[PDB]
Ligand SMILES: [Zn+2]
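In PDB author numbering, the protein residues as written are 4 to 260.
Have a look at this one:
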């Protein structure tokens, strides 16, 4: 029922999800001037060598690559985090044009897309319990700009036709998510929310400073997807991003000087 349409869009979500107007909503604009370096931030640790992708699916607002999270096969640690966070899925938000698509912005600068690697705190036993907690989730956010191709993206791009419409999934094994990372893991962090309903405020955001480059051909394959189910009138899956939300009380910290 909720979506990115003129009618069911971000501006109207509060109607069914009144936390949309809460104090810790994501995304936010990252003002480099006010976001200060914190030398007590530790570096990111990502152990992804045993990462086990299972499937890719079109859920009608994006596509999710899903991972076996029954063990610490693919985990995020350090940075601002206490304890171990298991990767459950990743997905993207993107725009209709290159000049937009990101959810977070940097001094109002919008990127072409934003990749989210979603992890959940093993303190709580499973994802379902984790989302009910303020320290429940860590999402690694990675900006996309258009330019050079991303080799490690191509495995994903190359299946997208097989899941064009809402409802469709396909097997997707032996995908390595290290292949979606940039060279520097310098980051900004701040407490926030899910950017889609139910918009729970359960996320330590970790937004990487260095964008990854992707090819024109790569982003266009994204834009070929459909929100609609098979048979319906075609609405292309584009502009599946939420605009910057009020920062309110919160401080954004930088891992770098
Ligand atoms: Zn997301």
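Each residue gets a CB set at the ideal place from its N, CA and C atoms; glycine is no exception.
So residue i and residue j are supposed to be a Cβ contact under 8 Å. How far apart are they, rounded?
i	j	result
residue 144	residue 210	4 Å
residue 114	residue 148	6 Å
residue 96	residue 67	Contact doesn't hold; Cβ gap of about 12 Å is too wide.
residue 40	residue 212	Going by Cβ atoms, the distance from residue 40 to residue 212 rounds to 12 Å, so no, they are not a contact pair.
Of all the options the options, which has the alpha carbon lying nearest to the alpha carbon of residue i?
i	options	result
residue 13	257, 245, 173	245
residue 228	166, 250, 205, 184	166
residue 51	45, 80, 30	80
residue 43	83, 61, 59, 183	83
residue 160	190, 184, 193, 218	218
residue 27	200, 256, 194, 259	194
residue 163	220, 250, 196, 70	220
residue 251	16, 17, 24	24
residue 74	59, 180, 85, 91	91
residue 182	155, 196, 7	155
residue 100	255, 158, 240	240
How should residue i be labelled, buried or exposed, when 16 other C-beta atoms within 10 angstroms of its C-beta is the threshold for buried?
i	result
residue 88	buried
residue 223	exposed
residue 170	exposed
residue 117	buried
residue 56	buried
residue 177	exposed
residue 190	buried
residue 53	exposed
residue 173	exposed
residue 267	The structure shown does not extend to residue 267, since the chain is modelled only from 4 through 260, so no value can be given for it.
Could you name the residues that DSSP lists as bridge partners for residue i?
i	result
residue 16	Bridge partners of residue 16: none, in fact.
residue 174	58
residue 67	60
residue 267	Residue 267 lies beyond the range of the chain shown here (4 to 260); nothing can be said about it.
residue 124	88
residue 256	39, 192
residue 2	No statement about residue 2 is possible, as the shown extent of the chain runs from 4 to 260 and does not include it.
residue 184	Partner(s): none; residue 184 has no beta bridge.
Just to confirm, does residue i get its C-beta within under 6 Å of one of the non-hydrogen atoms of ligand 3?
i	result
residue 107	Although ligand 3 was asked about, the structure shown includes only ligand 1 as ligands.
| Contact between the stretch 107-115 and the stretch 230-240: three or more CB pairs below 8 Å? | no
| task | Determine contact between the stretch 26-40 and the stretch 127-135, defined as no fewer than three beta-carbon pairs at a distance below 8 Å. | result | Pairwise C-beta distances place the stretch 26-40 out of contact with the stretch 127-135, as fewer than three of them are shorter than 8 Å.
| query | Between the stretch 134-148 and the stretch 199-210, are three or more C-beta pairs nearer than 8 Å? | reply | yes
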